[PDB]
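J.: Protein chains in written order, with the entry's author numbering: chain W, 634 to 693, 730 to 736, 738 to 783; chain H, 1 to 44, 47 to 360, 369 to 440; chain G, 1 to 44, 47 to 360, 369 to 440; chain A, 1 to 37, 47 to 441; chain C, 1 to 37, 47 to 441.
Dropping a structure here in structure tokens format, bear with me for questions.
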Amino acid sequence: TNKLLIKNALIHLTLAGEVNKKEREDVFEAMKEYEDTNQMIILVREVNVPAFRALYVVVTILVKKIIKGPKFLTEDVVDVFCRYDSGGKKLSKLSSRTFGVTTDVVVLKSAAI
Amino acid sequence: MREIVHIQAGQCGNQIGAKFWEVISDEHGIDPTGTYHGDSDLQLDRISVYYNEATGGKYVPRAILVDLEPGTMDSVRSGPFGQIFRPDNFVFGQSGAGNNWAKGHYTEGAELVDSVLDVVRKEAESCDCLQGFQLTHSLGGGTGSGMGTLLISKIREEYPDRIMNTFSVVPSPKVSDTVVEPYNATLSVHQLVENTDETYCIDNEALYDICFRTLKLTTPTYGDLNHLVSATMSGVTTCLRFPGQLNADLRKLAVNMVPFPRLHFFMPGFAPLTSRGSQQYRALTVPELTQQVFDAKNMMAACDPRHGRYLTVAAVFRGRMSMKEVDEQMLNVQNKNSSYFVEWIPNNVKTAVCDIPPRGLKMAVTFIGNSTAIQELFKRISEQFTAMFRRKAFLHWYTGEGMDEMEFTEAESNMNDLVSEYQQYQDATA
Amino acid sequence: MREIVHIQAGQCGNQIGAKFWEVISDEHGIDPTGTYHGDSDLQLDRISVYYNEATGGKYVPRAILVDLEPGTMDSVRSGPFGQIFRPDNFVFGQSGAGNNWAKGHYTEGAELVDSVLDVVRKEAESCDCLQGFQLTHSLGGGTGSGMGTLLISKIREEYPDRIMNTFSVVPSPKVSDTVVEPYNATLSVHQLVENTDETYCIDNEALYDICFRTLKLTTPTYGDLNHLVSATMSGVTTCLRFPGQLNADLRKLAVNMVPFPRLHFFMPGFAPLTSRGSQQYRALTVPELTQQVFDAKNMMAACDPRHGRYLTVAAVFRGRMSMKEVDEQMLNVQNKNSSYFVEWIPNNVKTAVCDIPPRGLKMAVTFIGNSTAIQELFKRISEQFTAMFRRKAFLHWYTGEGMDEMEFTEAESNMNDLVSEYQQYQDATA
Amino acid sequence: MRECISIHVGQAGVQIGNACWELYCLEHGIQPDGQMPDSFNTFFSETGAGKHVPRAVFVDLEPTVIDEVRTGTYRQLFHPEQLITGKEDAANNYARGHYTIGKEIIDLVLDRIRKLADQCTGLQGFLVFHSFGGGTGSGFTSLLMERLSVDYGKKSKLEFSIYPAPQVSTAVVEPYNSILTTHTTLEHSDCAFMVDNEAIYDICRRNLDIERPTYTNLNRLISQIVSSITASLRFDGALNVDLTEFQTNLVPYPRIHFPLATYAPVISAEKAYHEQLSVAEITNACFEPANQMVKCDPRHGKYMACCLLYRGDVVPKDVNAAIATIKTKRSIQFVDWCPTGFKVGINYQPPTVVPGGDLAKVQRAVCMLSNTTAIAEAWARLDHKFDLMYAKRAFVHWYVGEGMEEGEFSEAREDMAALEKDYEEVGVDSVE
Amino acid sequence: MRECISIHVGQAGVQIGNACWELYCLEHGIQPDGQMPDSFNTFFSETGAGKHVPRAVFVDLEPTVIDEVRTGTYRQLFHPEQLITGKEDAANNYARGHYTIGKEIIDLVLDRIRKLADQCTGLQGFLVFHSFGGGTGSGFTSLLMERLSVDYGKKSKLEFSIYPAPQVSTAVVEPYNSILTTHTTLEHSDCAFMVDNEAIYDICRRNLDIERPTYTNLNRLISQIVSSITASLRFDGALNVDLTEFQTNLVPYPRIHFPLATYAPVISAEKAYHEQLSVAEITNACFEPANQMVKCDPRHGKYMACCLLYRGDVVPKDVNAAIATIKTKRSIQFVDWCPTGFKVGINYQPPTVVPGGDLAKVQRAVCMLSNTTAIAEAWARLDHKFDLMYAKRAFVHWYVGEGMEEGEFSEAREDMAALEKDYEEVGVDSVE
Ligand SMILES: CC(=O)O[C@H]1C(=O)[C@@]2(C)[C@H]([C@H](OC(=O)c3ccccc3)[C@]3(O)C[C@H](OC(=O)[C@H](O)[C@@H](NC(=O)c4ccccc4)c4ccccc4)C(C)=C1C3(C)C)[C@]1(OC(C)=O)CO[C@@H]1C[C@@H]2O
Ligand SMILES: Nc1nc2c(ncn2[C@@H]2O[C@H](COP(=O)(O)OP(=O)(O)OP(=O)(O)O)[C@@H](O)[C@H]2O)c(=O)[nH]1
Ligand SMILES: Nc1nc2c(ncn2[C@@H]2O[C@H](COP(=O)(O)OP(=O)(O)OP(=O)(O)O)[C@@H](O)[C@H]2O)c(=O)[nH]1
Ligand SMILES: Nc1nc2c(ncn2[C@@H]2O[C@H](COP(=O)(O)OP(=O)(O)O)[C@@H](O)[C@H]2O)c(=O)[nH]1
Ligand SMILES: Nc1nc2c(ncn2[C@@H]2O[C@H](COP(=O)(O)OP(=O)(O)O)[C@@H](O)[C@H]2O)c(=O)[nH]1
Ligand SMILES: [Mg+2]
Ligand SMILES: [Mg+2]
């Protein structure tokens with residue numbers, strides 16, 4: 634999997650600090666019964682400010734829903751397809767429009783909302 | 001134009017203000033006498051924002067000094083930068099407050115208010131265009147919490163459409179250097195939230211760690227704590243009185259910053275803060291000046307910013323730099339702190355740049379926070395007020411000086427409503 | 001770009017690194033202050051692989067110095083090349099581990115660990131593009147085996163897609179300078195085989211013979227054992243920061259080298275090693291530097307290379323030479339050692355050439379071995395572990411510091427599985 | 001002959017004007033003192058004595074940047090009755106620049122324009138320089154378009170509006186000053202230009218290798234674009250364009266009049282070599298997302314109409330060669346109902362370099378002006394800020410107690426609600 | 001005219017090109033600063058000002074060797090947008106040059122090529138220089154033949170692959186980076202040249218009496234061979250050959266397109282005397298095992314289609330006399346089905362000596378590009394190295410954890426399983 638890439642990104646870019654300690658501790662154990670799933674991706678509202686809205690899984730081609739947000743993902747509704755950089759805790763924008771083994775950070779579209 | 005009258009108060013602010021005019025006279029090259037020795041002619047282009055000019059090229063600080071004992075006023079008049087003031091402006095009584103909000107507002111405050119407001123009226127006529135009044139006091143004592151909040155309940159009566167920034171040195175959480183500071187604060191916040199547009203709430207305990215951890219000192223005297231506070235006091239209004247690439251004043255730092263008519267409690271911050279020998283190990287760059295600011299250990303208010311969320315953030319810079327570096331770094335620290343910023347205010351980073359650094371540095375940031383991180387500061391005061399009211403200790407010094415017991419229940423339900431607005435109208439994210 | 005953060009820990013790793021930064025300052029022409037005095041501008047091409055560049059042209063090492071008592075920290079700060087570091091980096095405790103793996107990982111290490119990882123986080127953001135982390139410690143002691151392997155159980159939780167080379171000065175076979183070093187090592191190899199990509203294991207006994215036999219010295223001080231170790235630490239990364247013909251880095255010296263995800267325990271080797279007066283008896287040539295390397299009496303790990311077999315071989319050369327002589331001699335030593343290499347890996351010699359020699371010589375070779383000949387190093391420790399656990403000597407210092415007796419059963423079948431994987435997957439020939 | 005006056009509202013207008021009126025003095029040999037060592050009689054009504062003075066009004070409410078003009082390099086150039094100061098700024102309060110303070114000095118500005126508007130007879134157009142951010146650049150244009158479209162009405166008016174960026178923000182009520190002015194400036198403007206803050210930094214970093222630019226250097230790249238709209242009023246050309254022509258060629262409806270500028274070539278002095286700069290080369294540089302000056306993907310929407318204001322030694326056949334390449338391409342897709350929406354103007358003067366400036370000395374240039382569909386996303390942005398900063402009624406009491414009814418805010422979104430549907434209306438194709 | 005661009009993937013592609021682009025500047029009088037004190050319009054899209062800049066794309070993932078080009082002798086020559094750097098190399102990992110890092114800047118290369126293919130209309134071919142060793146070399150190339158054979162498709166494409174040497178080796182996964190790229194580069198290349206590292210040391214030691222060569226002096230011999238293929242484009246000859254003519258005569262089947270160079274005279278300066286250099290002398294020098302730049306015995310297998318590219322002072326009668334000797338000789342045995350598989354190109358210009366170089370100034374040269382059968386043993390070699398490094402699953406976890414299925418490794422040998430049989434399928438003689 635890429636389990637250390639998402640779990641590091643949960644408490645350093647998306648849900649970080651004393652404010653949302655109710656929030657992220659609720660969603661560690663929600664994906665504890667999961668994460669044997671070979672890939673999980675997160676959702677981000679804007680590339681301007683990376684904030685958490687949805688944690689998703691990819692079960693082997731269909732994106733299931735887990736804990738707010740839509741249920742299935744297509745190539746059309748998602749604007750960018752990014753990669754979590756570990757060195758500077760920012761978002762590496764991948765050039766691949768489709769899915770991949772590596773990508774985790776996605777941003778939806780206001781036309782899909 | 002756009003003059004500022006600098007009303008002082010209390011034992012605290014008169015020793016802050018004794019250091020603040022030491023800061024301002026050096027930026028404009030002013031001696032202890034009152035003449036001019038500055039290098040840049042850009043100094044005297048806006049010397050009339052603080053300094054009325056008199057005969058012989060002398061300048062006087064537009065400053066009104068208020069006390070109830072002749073104690074600190076005798077110290078400042080004999081101290082350095084003491085002869086520069088006007089001997090008419092020194093207003094003082096003889097009874098002395100002596101740590102009593104009941105005395106500083108009714109017993110002695112409400113008898114020597116007209117020896118002050120006439121001198122205010124003299125200086126409002128000295129103004130070409132009245133901009134706003136700044137007051138320097140403390141919620142802890144008796145004079146600065148009693149006489150100041152009487153004058154704010156008189157100035158907005160008389161000058162209702164001018165901005166009123168107050169400095170109130172908030173009592174620290176751990177040590178209590180006043181036994182009735184839960185009674186000199188709660189009876190002042192009631193008077194400040196209805197008649198002040200902005201209040202630069204500054205703690206003490208957080209200001210010692212900056213002297214300990216960051217400056218790396220051993221013996222922090224008050225001459226090196228107010229020295230750091232007056233660095234921030236001039237950092238607000240320096241964008242007014244100097245040419246900048248992106249200009250700002252007291253009003254632009256009021257309109258962009260106050261969303262609701264009650265939530266106007268600011269927690270400042272300053273950078274760079276070097277050491278004496280460790281000054282030559284860090285790079286003096288805009289990505290380095292900003293990352294110093296947005297931590298917790300360089301907030302002058304002793305409350306955790308990671309508890310509670312920011313609403314509006316001002317970053318008044320100084321010095322000459324590159325605007326892309328600023329616009330990049332106001333994003334880069336907004337990317338990683340995006341969990342801390344609030345949802346329903348997008349692009350909540352106000353920016354302003356000057357073109358003159360402080369005298370000796372190369373570049374400097376002055377930070378003006380506004381968070382829900384100060385909800386536990388008032389939760390602390392409203393809980394110390396709760397225990398001392400149930401035993402009703404220390405009550406006979408107030409009731410005997412003309413004050414009712416329901417007024418202590420008025421302010422406690424007042425502040426516990428205001429703590430809820432940092433919780434009701436914080437997490438409303440539609 | 002491609003920055004390297006140099007964490008130091010323990011008493012040993014700090015004294016190694018205090019000689020290693022003496023090396024790097026001299027290749028790049030850095031004074032004791034931190035300014036520049038080098039001759040060739042090729043030093044400053048990749049000067050940002052180890053150095054945050056501060057103001058005034060000064061450079062500071064990207065170095066984080068960790069200890070649990072200020073004994074060695076007071077030595078290095080008052081020693082030579084001591085002022086070059088950052089006084090923010092010197093994070094240290096007060097209690098001291100004192101030869102106790104259970105103290106430096108649970109008791110004292112697991113309380114002041116977040117005072118280190120903030121400065122680690124601060125320097126990863128100082129990077130332009132993070133390449134990897136090099137830790138310098140020793141398995142024998144308490145701090146370098148307890149505090150260090152705690153940090154690898156934190157950094158891989160934080161920086162999982164980077165490379166983590168460690169130097170761990172292994173206890174020598176014959177003499178033991180620590181009573182419970184069979185307990186400081188077996189509880190550390192468990193914390194290195196799952197979390198480090200490569201590990202340059204160094205024995206002590208082999209490093210005394212080279213000072214005795216080949217260098218021909220009488221009194222080998224630690225200032226001349228680490229001096230021979232620091233010649234190798236800057237023998238690996240010198241292809242990453244200098245323009246060579248066939249370039250290699252910290253990653254190409256990991257992908258070509260580590261066939262299975264567990265067998266990453268290396269044994270270095272340096273040449274030429276002259277004497278003080280016997281240098282004028284040998285021709286300084288490429289067929290002469292190679293034949294010095296592949297013997298037994300110039301391996302820094304005290305294990306007989308003829309016992310067991312190599313899997314892979316890396317021979318990082320330095321200095322300017324001819325690429326046929328390299329291609330010939332790497333063939334030639336595989337002719338005569340054709341029974342000492344392994345069958346099922348053909349062309350098992352990785353080679354790279356730099357174009358700048360060490369300052370003063372003409373050419374130098376940094377050999378990076380990899381063999382099954384380190385199976386008896388672990389057969390030695392896990393047999394010393396076996397008797398001292400049967401009588402369960404020295405057990406109450408660990409049980410009383412937060413540890414169960416099952417952990418000595420976990421780590422014992424751990425290493426006895428590792429020795430079998432140098433025997434199960436050694437003689438598999440097809 | 002034909003004369004046009006310039007108005008500089010707010011700080012962003014004045015500091016741009018400090019860069020414009022440096023450039024026009026250099027393009028004609030005009031000294032900073034108004035001296036010079047006949048086509049330039051459009052911007053400079055001269056004295057009978059030997060001195061040219063500009064046709065400029067620098068209105069401002071705070072006296073900070075005006076005193077930097079009165080003490081700057083161009084002290085002697087201006088007539089000091091033009092430089093109009095004030096007392097206290099509107100200070101990012103929209104009702105403090107349209108109601109409270111700007112009403113006090115509205116007679117001094119209009120009467121000073123009234124003296125300039127009867128200095129000649131070819132009163133051509135209006136150049137207004139302002140932003141949308143602050144309280145003057147959008148709070149005093151909307152009053153000054155209210156007056157000058159009642160005094161004159163039948164003229165042509167140009168607004169060079171600095172656009173509020175999607176990423177970079179130096180204000181907090183930055184959407185509480187654009188929706189308020191678009192209630193007013195929509196139905197009385199002619200052609201409002203959009204220039205973005207963010208998209209110039211991508212052009213200053215990548216295409217110039219300047220990593221640390223300044224607002225000195227951003228304002229040069231807007232002064233060059235302004236000096237190519239009015240290039241034909243100052244120089245003889247093959248195919249001249251007029252300010253009375255841009256209202257006709259580029260405004261297909263009484264609502265949609267929002268073009269986004271585009272300039273080429275933007276390359277440094279060291280990269281002024283190494284390429285050949287044909288007009289087949291410099292035209293394809295304009296039609297890429299690498300050279301946009303609004304942060305929008307142009308390959309999302311469709312170009313309705315375009316324009317190409319070439320200048321320098323340009324061969325008019327190769328223009329016709331370079332255009333015919335474009336319309337037969339895959340990515341560039343116009344709207345179906347427009348036959349072909351180009352409009353080409355060749356002028357005979359190369360752009361002049363500024364000393365100590367960024368740009369190299371090139372021979373040919375282009376100021377593409379494009380009224381495209383894809384700015385609708387940039388208008389969908391500043392409704393979403395109004396969607397969230399108004400359900401909680403943030404920052405409203407600074408507006409209500411300054412001569413402004415807060416029932417107007419539910420009305421001004423319906424202005425923008427219709428305008429977002431109009432780009433969706435025109436962008437689809439009328440079948441049958 | 002007829003223009004051909006050159007892509008230099010990997011370090012070995014760059015360092016060969018560092019020796020190539022020294023030679024084209026000398027073979028035309030071009031200074032290193034792009035100056036000169047009409048046939049050279051095939052690699053040098055010149056400026057209108059006097060400067061010639063090469064048609065070359067240098068791509069690399071690690072910034073080391075690019076900074077040696079950006080500080081070398083040819084600093085001023087290149088257009089600096091061509092020099093595409095990266096951040097961190099693929100580092101002998103195939104799935105780090107095709108999935109992880111190569112996908113980052115694949116649009117930075119293709120869009121930069123996109124602004125070169127629209128500089129001339131005679132887009133002739135491609136010259137991808139790359140090795141098989143490194144992670145960039147055969148890992149970023151196989152993505153680029155994927156992309157350019159979908160953009161262009163119908164063009165002609167040429168590789169110059171530094172072959173992994175049979176006995177000497179400087180990597181460990183060097184038999185992994187070739188079997189993985191041959192799954193990808195086979196169905197998109199059209200003539201992939203094998204040049205061996207080991208066989209050049211046999212020529213530099215023996216035929217030159219230079220005992221200590223360098224990669225400076227092994228690249229000179231590959232720079233002379235590339236300047237013997239494109240010599241007919243750059244000069245006038247009696248019997249010219251073109252880069253569409255190589256792909257027809259040399260590819261007898263859509264799989265087998267693996268030729269190997271050969272070059273005579275490789276002799277020193279002291280032995281430039283003592284013989285006579287007739288074209289019947291040096292022709293037999295090409296057909297010796299002592300002048301084979303792949304370490305294989307040519308007298309084991311057969312030649313399917315040789316090709317001789319003479320140049321300099323060459324008389325075409327003696328060529329026909331030299332060929333008439335060869336087909337009657339005993340050891341050289343062609344294949345039965347081919348009638349006669351020669352293809353001769355006589356050119357006029359001699360090879361020019363490089364100053365400080367190895368070779369003498371000779372009058373004539375030959376680049377025998379033989380497509381032989383005997384390279385099948387060299388493909389039988391890298392199936393033996395694959396299998397003993399796959400039954401133990403050596404080095405697999407550095408591939409699986411970088412975006413690569415480990416079921417694919419049982420398939421790329423099945424690619425080579427058919428291709429090993431095809432040489433044995435064609436090399437036999439069809440009876441009846
Ligand atoms: C006049 C002259 O040329 O003197 C030489 C010298 O004579 C010899 C004998 C040196 C010398 O080495 C020793 O005496 C020695 C003593 C104890 C342990 C190791 C070495 C030399 O000290 C060492 C020194 O090496 C360096 O300067 C390298 O840069 C080296 N630097 C250090 O080790 C170093 C020493 C002190 C302080 C800081 C650094 C190095 C090697 C590898 C990687 C990085 C740096 C050299 C060439 C010289 C002297 C001075 C005598 C030799 O060693 C090295 C490492 O170069 C020993 O055999 C070589 C051959 C050298 O010719
Ligand atoms: N292009 C450009 N924009 C600028 C420059 N300086 C400031 N701006 C923009 O100006 C906008 C702010 O508008 P202002 O006119 O200054 O505000 P105002 O309140 O109306 O006027 P003042 O308060 O009197 O300065 C911001 O969006 C800035 O990006 C500059 O040099 N160039
Ligand atoms: N003929 C020749 N071969 C070279 C030269 N430089 C390197 N090589 C060969 O290149 C092979 C190594 O693979 P490379 O592709 O060059 O490595 P790289 O291009 O740096 O790729 P990465 O480092 O993995 O990104 C070895 O066989 C070297 O002998 C050179 O100048 N000439
Ligand atoms: N920062 C700062 N705080 C001060 C100083 N002097 C007093 N204080 C604080 O002021 C509070 C006491 O109030 P004080 O002003 O002296 O009493 P008052 O004269 O009745 O207003 C305590 O919290 C003190 O720590 C000073 O010079 N600097
Ligand atoms: N090579 C080398 N080994 C050292 C040095 N100092 C200590 N050691 C070795 O380190 C081991 C003791 O560990 P130590 O690091 O001092 O204890 P710790 O501080 O608890 O990690 C012994 O095997 C020593 O021989 C030194 O300077 N050089
Ligand atoms: Mg302004
Ligand atoms: Mg490489």
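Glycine is no exception: its CB is placed at the ideal position from the N, C-alpha and C atoms.
#1: Decide if A/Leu-227 is buried, meaning its Cβ has at least 16 other Cβ atoms within 10 Å, or exposed.
#2: What residues are listed by DSSP as bridge partners for H/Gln-8?
#3: Can you tell me whether DSSP reads A/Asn-293 as helix, strand or coil?
#4: Out of G/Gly-321, G/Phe-272, G/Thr-138, G/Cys-213, which one is the CA nearest neighbour of G/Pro-359?
#5: Could you tell me the distance, in whole angstroms, from the CA atom of H/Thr-419 to the CA atom of H/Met-398?
#6: Closest to A/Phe-202 by CA distance: which of A/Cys-347, A/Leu-136, A/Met-154, A/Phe-149 is it?
#7: If you measure from each CB to the nearest heavy atom of ligand 6 and keep those under 5 angstroms, what residues do you get, in chain order?
#8: For G/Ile-154 and W/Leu-637, I'd like the C-alpha separation in whole angstroms.
#9: Spell out whether any CB of chain C is found under 8 angstroms from the CB atom of A/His-309.
#10: Let me confirm a value: C/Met-1 is counted as buried when at least 16 other C-beta atoms fall within 10 Å, else exposed. Which label applies?
T.: Reading it off the structure:
#1: Its Cβ being crowded by 16 or more others within 10 Å, A/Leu-227 is buried.
#2: Residue pairing by DSSP puts H/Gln-8 in a beta bridge opposite H/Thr-138.
#3: Here A/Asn-293 sits in helix by DSSP.
#4: Among G/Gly-321, G/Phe-272, G/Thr-138, G/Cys-213, the Cα nearest to that of G/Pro-359 is on G/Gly-321.
#5: One Cα belongs to H/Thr-419, the other to H/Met-398, and the distance between them is close to 12 angstroms.
#6: Cα-wise, what sits closest to A/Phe-202 is A/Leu-136.
#7: Here the residues come out as A/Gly-10, A/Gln-11, A/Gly-143.
#8: Those two C-alpha atoms are separated by around 14 angstroms.
#9: No, A/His-309 does not count as interfacial toward chain C.
#10: Around the beta-carbon of C/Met-1, fewer than 16 other beta-carbon atoms lie within 10 Å, marking it exposed.
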